[PDB]
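*Asks:* just need the structure, nothing else, for what follows:
(chains A, B and C)
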Amino acid sequence: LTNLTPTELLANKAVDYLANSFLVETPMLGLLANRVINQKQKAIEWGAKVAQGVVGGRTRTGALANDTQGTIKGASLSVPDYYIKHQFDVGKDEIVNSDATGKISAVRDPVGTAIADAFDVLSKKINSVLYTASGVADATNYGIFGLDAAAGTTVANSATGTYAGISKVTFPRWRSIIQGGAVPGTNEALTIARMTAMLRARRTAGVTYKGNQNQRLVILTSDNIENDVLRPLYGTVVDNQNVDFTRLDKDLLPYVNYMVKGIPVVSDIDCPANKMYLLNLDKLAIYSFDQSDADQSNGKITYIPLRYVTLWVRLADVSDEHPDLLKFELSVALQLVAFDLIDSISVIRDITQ
Amino acid sequence: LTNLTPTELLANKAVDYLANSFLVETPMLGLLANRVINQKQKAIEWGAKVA
Amino acid sequence: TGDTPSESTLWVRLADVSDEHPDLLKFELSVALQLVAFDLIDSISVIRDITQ
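*Replies:* Numbering: from 1, shown residues only, chains lettered A, B, ... in the order given. Okay, here it is:
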């Protein structure tokens, strides 16, 4: 009876479930993950066409007049020199204790749980610093050039700046098509005309603009414009399908809950205040620097891949001489590479909400 | 067609030389290095018949 | 300046003086030695002043 088998001796197994109901959606990162590339070099080199050669026509026997050619330039970003650090202290005498007293499998690997919730908070921060990240590498713009600094924040910021070395002032094709209200920075209502004018300006730049062009044009939006502006406009989701109902994707469908005449809109609550990002997910990538050559004898460094529900994040035994502590550290370095900035990002910044 | 191949992207190879000729003559070290005595102890004692 | 570097017997410790930090390796190359003039009057003699 009750007095026998008391509470203290009744160690009742609990369901091996953690209830980590934090960050169900990493929209921007999830779009760019599975297409991140880790490279052994710390800088990102690529070629950006800036001008196209004018063409000319001779007769069948006309003179072979020489003709101007294009101009490509070396855009050179850099995997930055400031990690997104997350160090935590455990102690051996509670890792081993929890390997035996931990009821939940999550508690039974307290370092595993610590690194898992570290992944959650870390990819949340990554997502937050993929839009509004100055690239100054000062613990809030961790090292990433984001989307407001890859492109600009204002219409003027699309010009008057540099990105990946290429100057937006001398090369208009290196700008973005950031465009907003009639009076800038005043948050007008985003009529149908504004969105269609954005897409039309995106056509006139040679940039992918239709729903599916085998280049994955997507709309990042604050999950507020998409519901309170993009839903009343454009009506339902079925009346915004492509010309034929091509199935959306595998790596793009999870983050999309709406379409705009095709053109999947990804709703991120972490996307900044009223603003919109027509991105070209194929022309956007995230690069990371792989320090695989790290003291092979040491078992300190592991590089477990980041999960956002491949991108690696370094897990390090940052352990002092102290023999009863571990002091792990999870650090990831990313650079938001925006190939062909005229293609990769465009902004409709000046929406109400 | 020099614009289509900017120096930024054109990354040229190297002779792989590292011109490394710094003064390394160490005859003071070169003498009496073939018989550097590696003791297991920190002090070097001996006797000197002085007077 | 041309002949082989000729591995010595004065062993130099390259100590991998790392840290808990996973970004720096911080190697060290340290050596200690003493020049022991056995028979000071025999081991060294000097012609201290010479014009060049």
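*Asks:* what is the burial count for residue 1?
*Replies:* Just going to use chain A. Neighbour count of residue A:1, defined by other CB atoms under 10 Å in any protein chain shown: 4. Where you see a C-beta, it was placed from the backbone N, CA and C, and this is true even at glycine.
*Asks:* the chain in question should be chain C.
*Replies:* Neighbours around residue C:1, by other CB under 10 Å: 7.
*Asks:* quick one: the closest residue to it other than its chain neighbours and residue A:231, what's the gap?
*Replies:* Nearest residue to residue C:1, sequence neighbours excluded (CB to CB, 6 or more residues apart in numbering or on different chains): residue B:25, at 6.0 Å. Computed as CB to CB, to the nearest Å, the residue B:25 to residue A:231 distance reads 81 Å.
*Asks:* look up the residues forming beta bridges with the residue of chain A found nearest chain B.
*Replies:* For chain A and chain B, the shortest gap (CB to the nearest CB) falls at residue A:74, measuring 2.5 Å. With DSSP bridges as the criterion, residue A:74 is bridged to residue A:47.
*Asks:* wait, doesn't it sit right on residue B:4?
*Replies:* No - counting by CB atoms under 8 Å, residue A:74 stays clear of residue B:4, with 11.8 Å between them.
*Asks:* go ahead and confirm residue A:144 touches residue A:138.
*Replies:* No - if you go by CB under 8 Å, residue A:144 and residue A:138 don't touch, sitting 11.6 Å apart.
*Asks:* between these two, which one's more packed in?
*Replies:* residue A:144 (29 against 10).
*Asks:* what sits against that one?
*Replies:* By CB atoms under 8 Å, 6 or more residues apart in numbering or on different chains, residue A:144 lies in contact with A:80, A:126, A:129, A:130, A:133, A:135, A:334, A:335, A:336.
*Asks:* nearest residue to the residue of chain C found nearest chain A in space, please, no chain neighbours.
*Replies:* Minimum separation of chain C from chain A (CB to the nearest CB) falls at residue C:22, amounting to 3.9 Å. Using CB to CB, 6+ apart and skipping the chain neighbours, the partner closest in space to residue C:22 is residue A:316 (3.9 Å).
*Asks:* which is the next helix or strand following the strand or helix carrying the one you found?
*Replies:* Residue A:316 belongs to strand A:312-317 when assigned by DSSP states H and E. Remark: after strand A:312-317, the chain's next helix or strand is strand A:328-331, criterion DSSP H and E.
*Asks:* how about residues contacting that following strand?
*Replies:* Contacts for strand A:328-331 (CB under 8 Å, 6+ apart): A:83-88, A:90, A:111, A:114-115, A:118-119, A:122, A:313-318, C:22.
*Asks:* spatially nearest residue to the most centrally placed residue in chain C, not counting backbone neighbours?
*Replies:* For chain C, residue C:31 is the residue whose C-alpha lies nearest the centre (CA atoms, centre = their mean; 6.0 Å). Among residues not flanking residue C:31 along the chain, residue C:12 sits closest, at 4.1 Å (CB to CB, 6+ apart).
*Asks:* that neighbour reaches residue C:28, doesn't it?
*Replies:* No - between residue C:12 and residue C:28 there is no contact under CB under 8 Å: 9.8 Å.
*Asks:* got any residues that touch both of those two?
*Replies:* Contacts common to residue C:12 and residue C:28, judged by CB under 8 Å, 6+ apart, are absent.
*Asks:* please flag which of the contacts of residue A:144 sit within strands.
*Replies:* Secondary structure assignment (DSSP state E) places A:335, A:336 from the contacts of residue A:144 within strands.
*Asks:* quick one: contacts for the residue at the greatest distance from the centre of chain C?
*Replies:* No residue in chain C has its C-alpha farther from the mean C-alpha position than residue C:22, which lies at 30.4 Å (CA atoms, centre = their mean). Neighbouring residues of residue C:22 by CB under 8 Å, 6+ apart: A:291, A:294, A:300, A:301, A:314, A:316, A:318, A:329, A:331.
*Asks:* let's see that with 7 Å instead.
*Replies:* Residues near residue C:22 by CB atoms under 7 Å, 6 or more residues apart in numbering or on different chains: A:294, A:300, A:301, A:314, A:316, A:318, A:329.
*Asks:* how close does it get to residue A:291?
*Replies:* Counting by CB to CB, the gap from residue C:22 to residue A:291 is 8 Å.
*Asks:* can you check residue A:264 too?
*Replies:* Counting by CB to CB - residue A:264 and residue A:291 are separated by 35 Å.
*Asks:* these two: which is more packed in?
*Replies:* Using other CB under 10 Å, the more surrounded residue of residue A:264 and residue A:291 is residue A:264, with 24 against 15.
*Asks:* tell me the phi and psi of the more buried one?
*Replies:* phi -60, psi 140 (degrees, to the nearest 10).
*Asks:* how about the contacts made by it?
*Replies:* A:218, A:219, A:248, A:252, A:256.
*Asks:* which strands or helices does the helix or strand where residue A:113 lies pack on?
*Replies:* Assigning secondary structure by DSSP H and E places residue A:113 in helix A:110-128. Counting contacts by 3 or more CB pairs under 7 Å, 6 or more residues apart in numbering or on different chains; DSSP states H and E, helix A:110-128 is packed against helix A:27-32, strand A:86-88, helix A:92-101, strand A:328-331.
*Asks:* one more time with 6 Å, if that's ok
*Replies:* helix A:27-32, strand A:86-88 (3 or more CB pairs under 6 Å, 6 or more residues apart in numbering or on different chains; DSSP states H and E).
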